[PDB]
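> When the letters of the sequence shown are read in order and numbered with PDB author numbering, they come out as residues 8 to 201, 220 to 626, 643 to 735, 746 to 787. Virtual Cβ for every residue (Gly too), placed ideally from N, Cα, C.
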Amino acid sequence: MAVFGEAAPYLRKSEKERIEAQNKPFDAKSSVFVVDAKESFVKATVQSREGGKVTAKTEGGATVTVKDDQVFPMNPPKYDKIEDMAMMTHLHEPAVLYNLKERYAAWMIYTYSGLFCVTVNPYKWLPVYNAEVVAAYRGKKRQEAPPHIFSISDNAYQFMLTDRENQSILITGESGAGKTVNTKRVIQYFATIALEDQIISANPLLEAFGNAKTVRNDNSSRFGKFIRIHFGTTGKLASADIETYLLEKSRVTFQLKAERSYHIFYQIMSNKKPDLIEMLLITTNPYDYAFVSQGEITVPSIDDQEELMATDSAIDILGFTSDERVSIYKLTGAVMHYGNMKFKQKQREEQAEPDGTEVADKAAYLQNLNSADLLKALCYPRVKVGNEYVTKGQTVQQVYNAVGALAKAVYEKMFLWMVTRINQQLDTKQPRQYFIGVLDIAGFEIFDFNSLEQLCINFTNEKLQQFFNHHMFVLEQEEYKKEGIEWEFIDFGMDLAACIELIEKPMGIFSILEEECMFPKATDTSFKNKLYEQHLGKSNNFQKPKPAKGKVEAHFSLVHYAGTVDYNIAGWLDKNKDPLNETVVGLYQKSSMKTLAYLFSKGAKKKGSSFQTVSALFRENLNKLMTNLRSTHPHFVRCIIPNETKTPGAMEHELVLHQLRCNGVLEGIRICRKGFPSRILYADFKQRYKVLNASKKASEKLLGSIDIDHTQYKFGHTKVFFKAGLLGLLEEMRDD
Numbered sequence: 008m009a010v011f012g013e014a015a016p017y018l019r020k021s022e023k024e025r026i027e028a029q030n031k032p033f034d035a036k037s038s039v040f041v042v043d044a045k046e047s048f049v050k051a052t053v054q055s056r057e058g059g060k061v062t063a064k065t066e067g068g069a070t071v072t073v074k075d076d077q078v079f080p081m082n083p084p085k086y087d088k089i090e091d092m093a094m095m096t097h098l099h100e101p102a103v104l105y106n107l108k109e110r111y112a113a114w115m116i117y118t119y120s121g122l123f124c125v126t127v128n129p130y131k132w133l134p135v136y137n138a139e140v141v142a143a144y145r146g147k148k149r150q151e152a153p154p155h156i157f158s159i160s161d162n163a164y165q166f167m168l169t170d171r172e173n174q175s176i177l178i179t180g181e182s183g184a185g186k187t188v189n190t191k192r193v194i195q196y197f198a199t200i201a220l221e222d223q224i225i226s227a228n229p230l231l232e233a234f235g236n237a238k239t240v241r242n243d244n245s246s247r248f249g250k251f252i253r254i255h256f257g258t259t260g261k262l263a264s265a266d267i268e269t270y271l272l273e274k275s276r277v278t279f280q281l282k283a284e285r286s287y288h289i290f291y292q293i294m295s296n297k298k299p300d301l302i303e304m305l306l307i308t309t310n311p312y313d314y315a316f317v318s319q320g321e322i323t324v325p326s327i328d329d330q331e332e333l334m335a336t337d338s339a340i341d342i343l344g345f346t347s348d349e350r351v352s353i354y355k356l357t358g359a360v361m362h363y364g365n366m367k368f369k370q371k372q373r374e375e376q377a378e379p380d381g382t383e384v385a386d387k388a389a390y391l392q393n394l395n396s397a398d399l400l401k402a403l404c405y406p407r408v409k410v411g412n413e414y415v416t417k418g419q420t421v422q423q424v425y426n427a428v429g430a431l432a433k434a435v436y437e438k439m440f441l442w443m444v445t446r447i448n449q450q451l452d453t454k455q456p457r458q459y460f461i462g463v464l465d466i467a468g469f470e471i472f473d474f475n476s477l478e479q480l481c482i483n484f485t486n487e488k489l490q491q492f493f494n495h496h497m498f499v500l501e502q503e504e505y506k507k508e509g510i511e512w513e514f515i516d517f518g519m520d521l522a523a524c525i526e527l528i529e530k531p532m533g534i535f536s537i538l539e540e541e542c543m544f545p546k547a548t549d550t551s552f553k554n555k556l557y558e559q560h561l562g563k564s565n566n567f568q569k570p571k572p573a574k575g576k577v578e579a580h581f582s583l584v585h586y587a588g589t590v591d592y593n594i595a596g597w598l599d600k601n602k603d604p605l606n607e608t609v610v611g612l613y614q615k616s617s618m619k620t621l622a623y624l625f626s643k644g645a646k647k648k649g650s651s652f653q654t655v656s657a658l659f660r661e662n663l664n665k666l667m668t669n670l671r672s673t674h675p676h677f678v679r680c681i682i683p684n685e686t687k688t689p690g691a692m693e694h695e696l697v698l699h700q701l702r703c704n705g706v707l708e709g710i711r712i713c714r715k716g717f718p719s720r721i722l723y724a725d726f727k728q729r730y731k732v733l734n735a746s747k748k749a750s751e752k753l754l755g756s757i758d759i760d761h762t763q764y765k766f767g768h769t770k771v772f773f774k775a776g777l778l779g780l781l782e783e784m785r786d787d
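Written as structure tokens, this is what we have:
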């Protein structure tokens, strides 16, 4: 029992509760669940099986008739509070729902789910991470001590110590959901078991540059985050590294009405220091600058003034000179200025031309290069043809797309290089080796009105889901080679492939979108018709939107591992085209500041400066991830938010139901539940099955005598393998 220390009661209960819950009367004729009007699933109490009719009593005593397919048999109390739910004789939505609801009630936060380390959050100081569980969880294997994040961290540590292999921790928590704390927890755990201060110190400037509020939350971290903590050849902290991945681009010049651009803009708009406001030549009203003024400017949660000097100090403590910081500020100001550059068609042509060089002068001075030259090289580029140059023509719309891509590219380059500098200041020069992977990412965030970025995020999560699906497949399945029997002989990732191919293959959604962003006179309606005629009916994941619910418009319905979702197509075309000019990039290369430090200066498979598109860069760096990550052993953590407010213990279903799909842990449990989830020894088997027929041959006797078929199970040579829904049949009969 108390084999580790004192943290047990809020971590795990002792025997007395285990046995007081084990031996409890569990009927299987009224223990069924129910679908709810207010919630999803509560524990119901029916009279009997009246066909598709019941009087299902809730805790408030409900009576309504409910069909069979949504009243669910409850897991027994002998299976109550089990850590690894992948063995329960009932594997469904309510199974896991209450298997963690009652555990959060009993405060057993840290649970297991196959490979998933499901971890709820508290709202009160619980001493589960104290200086004794660090040694209690030290040296352990996975499944003997009670679950915890320290368990999996030490697991990955000893794993890399076994075969010099890189490992990775895949965490998924909402903005400000507590994962921002669990990351520092695991990194300091590793720092002891081998720094976190530098990590948290560099942290806020990141969210300054690349975070914003959305229609859902307030400090959404749009980019991806990945931390490489390398060790010596024996295990010794010899690195502190950081990776930014799939940083969103289109924010810098476009955002829907219910959100805004990144923080830094409005931060400078906040006038805690008019030194910048004068120096960056900007005014204070953000509605004066179109790139940032298409949504909600002021947020009623935090002001941006204090954040100015907060992130300023964040810069200062890191390896940044002062000129470096004035350069960052000037570049952000020029990004803001580009929006107001105006162009007008010439009267005798479609060639664009400038009207007022004022904002042109401002932006050009802000980079120390001529203004007339800048606007010329925007509205009169020239491309290298053969062994000379010709000056292409430009229409107004083309010039607007060009300057948009310009601002986007310079901003993302600023981001990537400041990250470079950060990871440049934080390294320790010890010769290092195989690292660990700490990676957060935006979850499967589906909304009431989807768009491009939502689809890209959902696609990233599709790739991740298939990744870990296949990993769990190989591990779990190919374990049982030694178990004298195999089952579910197909790969497990090969069912997300149907939804992936619909997005990434030739003639896929992304390919078609590229086609239309390249076609001469494409329009939104042509895009829709092309999508339909290429996919509708000729696939299954793709299907028609359903008009209802008074929502504005959906245009095509995709199905994922996290359920179906239908997207809105308006604006996808002009949001995706970003023709990067070249003469102006030369201008940048020949500037006088470290703006050119970004833009420092085969032909096959590389598109041209007029075929560039956002989705392509996505699909490129996404595969960069999904290969270097594939070169590293994974582990998974899930910071849930069980309640709207901070009332601990309580947990409403509908909200945790959503996180159950965003992380898609039910997908793992369902791919592991369509076979033999129950692998068990003789320990409980003989003692609870000898009651009907009062080792191996003894198992054969104690199984054949209790009226079970030899189809839905197999005891290979060591453990018996069982479906979930069969032990319940035994549960009530193995007790008599």
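Please give me, in chain order, every unbroken run of the alpha helix (DSSP H) with length at least 4 that falls completely inside the stretch 340-413.
The stretch 340-413 contains these whole alpha helix (DSSP H) runs: 347-363, 382-390 and 396-404.
> Can you check whether the CB of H580 is closer than 8 Å to the CB of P570?
Position 545 of the sequence shown, counted from the start, is the residue given in the question as residue 570. Position 555 of the sequence shown, counted from the start, is the residue given in the question as residue 580. Closer than 8 Å, so yes.
> In angstroms, rounded to a whole number, what distance separates the CA positions of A657 and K20?
Translated into the one-based positions of the sequence shown, residue 657 becomes position 616. Translated into the one-based positions of the sequence shown, residue 20 becomes position 13. C-alpha separation (whole angstroms): 52 Å.
> Select from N236, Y414, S38 and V49 the residue whose C-alpha is nearest the C-alpha of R56.
Within the sequence shown, residue 56 is the residue found at index 49, counting from 1. Checked all of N236, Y414, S38 and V49; the closest Cα to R56 is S38.
> Buried or exposed, going by whether 16 or more other CB atoms sit within 10 Å of the CB of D603?
As a working note, residue 603 is residue 578 in the sequence shown. Buried: at least 16 other Cβ atoms inside 10 Å.
> Taking the alpha-carbon positions, what's the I254 to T169 distance?
In the sequence shown, the residue the question calls residue 254 occupies position 229. In the sequence shown, the residue the question calls residue 169 occupies position 162. Each residue's alpha carbon lies about 17 Å from the other.
> Use the C-beta contact count for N494: other C-beta atoms within 10 angstroms, 16 or more gives buried, fewer gives exposed.
In the sequence shown, counting from the first residue as 1, residue 494 sits at position 469. Result: buried.
> Inspect the CB distances between the stretch 133-144 and the stretch 690-708 and report whether three or more fall short of 8 Å.
Contact fails: fewer than three Cβ-Cβ distances are below 8 Å.
> May I ask you to verify whether the stretch 357-366 touches the stretch 309-316, counting CB pairs closer than 8 Å and requiring at least 3?
Yes, the stretch 357-366 touches the stretch 309-316.
> Exposed or buried, which one is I510 when buried takes at least 16 other CB atoms within 10 Å?
Sequence index remark: in the sequence shown, residue 510 carries index 485 (1-based). Exposed.
> Are the beta-carbon atoms of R671 and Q458 separated by less than 8 Å?
Counting from one through the sequence shown, the residue named residue 671 turns up at place 630. Counting from one through the sequence shown, the residue named residue 458 turns up at place 433. No. Outside cutoff.
> Three-state secondary structure (DSSP) at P83?
The count along the sequence shown starts at 1 and reaches residue 83 at position 76. Three-state result, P83: coil.
> Distance check for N106 and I89, CA to CA, integer angstroms please.
Walking along the sequence shown from the start, residue 89 turns up at place 82. Walking along the sequence shown from the start, residue 106 turns up at place 99. Taking the straight line joining both Cα atoms gives about 8 Å.
> Using only alpha-carbon positions, find the residue among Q614, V415 and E232 that is nearest to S286.
As a first step, residue 286 is located in the sequence shown; it is residue number 261 there, counting from the start. For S286, the nearest C-alpha among the options comes from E232.
> Within its chain, find whatever has a CB closer than 8 Å to the CB of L612; leave out the 5 residues flanking it on each side and keep chain order.
Within the sequence shown, residue 612 is the residue found at index 587, counting from 1. Taken in chain order, the residues that qualify are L394, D398, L399 and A402.
> Could you tell me which residues DSSP pairs with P675 in its beta bridges?
For the purposes of this step, residue 675 is taken as the residue at position 634 of the sequence shown. Answer is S175.
> Looking at the unbroken alpha helix (DSSP H) that takes in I447, where does it start and where does it end?
Start at 1 with the first residue of the sequence shown, and residue 447 comes out as number 422. Run containing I447: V421 to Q450, per the alpha helix (DSSP H) assignment.
> According to the Cβ coordinates, are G709 and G121 closer than 8 Å?
Sequence index remark: in the sequence shown, residue 709 carries index 668 (1-based). Sequence index remark: in the sequence shown, residue 121 carries index 114 (1-based). In contact: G709 and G121 (Cβ atoms closer than 8 Å).
> Is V125 helix, strand or coil when you go by DSSP?
By 1-based counting over the sequence shown, the position of residue 125 is 118. It is a strand residue.
> For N566 and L583, which I take to be in contact (beta-carbon distance under 8 Å), what is that distance rounded to the nearest angstrom?
Start at 1 with the first residue of the sequence shown, and residue 566 comes out as number 541. Start at 1 with the first residue of the sequence shown, and residue 583 comes out as number 558. With 8 Å as the limit, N566 and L583 qualify as a contact, their Cβ atoms being about 6 Å apart.
> In three-state DSSP terms, what is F493?
The residue given as residue 493 occupies position 468 in the sequence shown. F493: helix per DSSP, three-state reduction.
> Take the Cβ of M95 as the centre, count every other Cβ of all protein chains shown within 10 Å, and call the residue buried at 16 or more, exposed below.
In the sequence shown, the residue the question calls residue 95 occupies position 88. That one is buried.
> Determine, using beta-carbon pairs with one atom in the stretch 372-388 and one in the stretch 318-337, whether at least three such pairs fall under 8 Å.
No, they do not touch.
> With the cut-off set at 8 Å, would you say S175 and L451 are in Cβ contact?
Mapped onto the sequence shown, residue 175 falls at position 168. Mapped onto the sequence shown, residue 451 falls at position 426. No, the Cβ-Cβ distance between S175 and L451 is not below 8 Å.
> Throw me the rounded Cβ distance for the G705 and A587 pair, which I believe falls under 8 Å.
Looking up residue 705 in the sequence shown gives position 664. Looking up residue 587 in the sequence shown gives position 562. That pair is a contact at about 5 Å.
> For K747 and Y764, I'd like the C-alpha separation in whole angstroms.
Mapped onto the sequence shown, residue 747 falls at position 696. Mapped onto the sequence shown, residue 764 falls at position 713. About 15 Å.
> Taking 8 Å as the cut-off, decide whether the C-beta atoms of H496 and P675 are in contact.
Along the sequence shown, one-based indexing puts residue 496 at 471. Along the sequence shown, one-based indexing puts residue 675 at 634. Closer than 8 Å, so yes.
> Which whole-angstrom value describes the C-beta separation of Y111 and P154, a residue pair presumed to lie in contact below a C-beta threshold of 8 Å?
Translated into the one-based positions of the sequence shown, residue 111 becomes position 104. Translated into the one-based positions of the sequence shown, residue 154 becomes position 147. Actually they are not in contact, since the Cβ atoms of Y111 and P154 sit about 13 Å apart, beyond 8 Å.
> Taking the continuous alpha helix (DSSP H) assigned at residue 212, which residues delimit it?
What the structure lacks is residue 212: the chain is numbered 201, then 220, with the residues between left out.
> Please determine, among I178, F469 and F251, the residue with the shortest C-alpha to C-alpha distance to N486.
Counting from one through the sequence shown, the residue named residue 486 turns up at place 461. Among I178, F469 and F251, the Cα nearest to that of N486 is on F469.
> Helix, strand or coil for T190? Go by DSSP, reduced to three states.
Translated into the one-based positions of the sequence shown, residue 190 becomes position 183. The answer is helix: DSSP assigns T190 an H, G or I state.
> I need the straight-line Cα distance from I759 to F11, nearest angstrom please.
The count along the sequence shown starts at 1 and reaches residue 759 at position 708. The count along the sequence shown starts at 1 and reaches residue 11 at position 4. Going from the Cα of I759 to the Cα of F11 covers about 41 Å.
> Mind checking which residues open and close the beta strand (DSSP E) that includes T589?
Your numbering for residue 589 matches position 564 in the sequence shown. Note, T589: beta strand (DSSP E), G588 to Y592.
> Would DSSP call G249 helix, strand or coil?
For the purposes of this step, residue 249 is taken as residue 224 along the sequence shown, with counting starting at 1. Note: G249 maps to strand in three-state DSSP.
> Between the C-alpha atoms of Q223 and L605, what's the straight-line distance to the nearest angstrom?
One-based indexing of the sequence shown puts residue 223 at position 198. One-based indexing of the sequence shown puts residue 605 at position 580. Cα to Cα, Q223 sits roughly 36 Å from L605.
> Going by Cα to Cα distance, which pick from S347, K250, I267 and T259 is closest to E273?
Translated into positions along the sequence shown, residue 273 becomes position 248. Among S347, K250, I267 and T259, the Cα nearest to that of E273 is on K250.
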